[PDB]
Every structure is written in structure tokens, then in C-alpha cells.
Amino acid sequence: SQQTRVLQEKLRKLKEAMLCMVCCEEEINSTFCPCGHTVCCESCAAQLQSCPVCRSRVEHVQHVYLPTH
Amino acid sequence: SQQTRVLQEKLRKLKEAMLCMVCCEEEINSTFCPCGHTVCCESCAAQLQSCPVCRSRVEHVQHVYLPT
Ligand SMILES: c1cc(-c2ccc3c(c2)OCO3)n[nH]1
Ligand SMILES: [Zn+2]
Ligand SMILES: [Zn+2]
Ligand SMILES: [Zn+2]
Ligand SMILES: [Zn+2]
């Protein structure tokens, strides 16, 4: 039905929000510290000196184990 | 249709996976450091000396700003 199409769209958008903002291909699994923005995969987070969202200095990257992984 | 029910169940499970594993009421927004398990809201994470997934000591809690 049309309701099935609406639910498919909600699921697709939620899943796309879980992907890295830089490569758009891998799941997010890294946090920039101390700001806390958790928007990248490990590879993309590895070479950034400043947060791509807020511009804060990245002191280190924390790996995150999320249930949605 | 039956697919509407199947999709509603998939959405419900994905939403429940984003909720705190302890209180089941608030969204996950905190990481236990250094282990990295990100399974609690800030109120439950503040009250745990040990990670509820791996039992490692919690040195500190990092707030996470997630896209959703
Ligand atoms: C990559 C990103 C996520 C994610 C994103 C938002 C969330 C969340 C998990 O649980 C609470 O709200 N999972 N894998
Ligand atoms: Zn990436
Ligand atoms: Zn940031
Ligand atoms: Zn909680
Ligand atoms: Zn842990």
C-alpha cells in the first residue's frame, strides 16, 4: 500500500543517517574527542585535525561500539 | 498489507536499538571510555562504575552527538 511506501522511506532515511558523512559508504564508528561529534568511519576520522561539524581541535578519536552496528 | 506489518516491526526494532539498554526510555548519547561501548543515556551512564556490556571499569563518560 501507500503506507508500505511511507515506512520504506523512514527506514531508508534512518539507515542513511548511520553512514559516514565523508565517504557515505561505511558505518559511523568513531567519535572526535573532546567535542563528541560522532559522524565518521575510522578511516575518514583518522586524518582529520579539526572536527568537520564544529571545527574544534581533535585531541584523539574514540572507537564506538553501537548496538545498530 | 502484510509488508506494512513487517516494515513496522523492522522500524520498531531499529528504534529500540537506539534506546538506552538500562532505562529503555531515553536515547543513547553516551560512551563508556576507554572500552567504547555506547549503549546508555547520560543519566544511566553516570550511575555505572563498570560497563554493562563488557564489565571494564568506566574511567569517564564521553557525550556523543550523533546525526540522529
Ligand atoms: C551509526 C550511527 C548510529 C546511530 C545514530 C544515532 C543514534 C544511534 C546510533 O543510537 C542513538 O541515536 N549507529 N551506527
Ligand atoms: Zn568514511
Ligand atoms: Zn565537533
Ligand atoms: Zn538510561
Ligand atoms: Zn564496555
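What follows is calculated from the coordinates using simple rules that are stated; it is not laboratory data. In this analysis, Cβ positions are derived from the backbone assuming ideal geometry, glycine residues included, and neighbour counts consider all displayed protein chains.
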Across peptide B:55-65, what mean number of C-beta atoms from other chains lies inside 10 Å of a residue's C-beta? 3
So, in Å, what gap is there between the alpha-carbon centers of the stretch A:6-20 and the stretch A:28-69? 21
Helix-only [θ]222 nm of chain B, DSSP H runs n ≥ 4, -39500 (n - 2.57) each, per residue, nearest 500: -9000 deg cm²/dmol
On average over all directions, what projected area in square nanometres does the stretch B:2-63 have, based on the convex hull of its Cα atoms? 4.4
Taking beta carbons within 10 Å but only from partner chains, what does the mean come to for residues A:16-26? 1
Place +1 on the Cβ of every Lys and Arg and -1 on the Cβ of every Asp and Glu in chain B, take the dipole about the Cα centre, and give the residue among B:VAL64, B:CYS24, B:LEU11 whose Cα lies farthest towards its positive end. B:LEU11
Within chain A: Cβ-based charge dipole about Cα centre, in debye rounded to nearest 20 (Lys, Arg +1; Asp, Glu -1): 320
Averaged across the residues of A:4-13, what count of C-beta atoms belonging to other chains lies within 10 Å of each residue's C-beta? 4
Show me the three semi-axes of the equivalent ellipsoid for the protein assembly as shown, from the C-alpha gyration tensor (sqrt of 5 times each eigenvalue), largest first, rounded to whole Å. 28, 20, 10
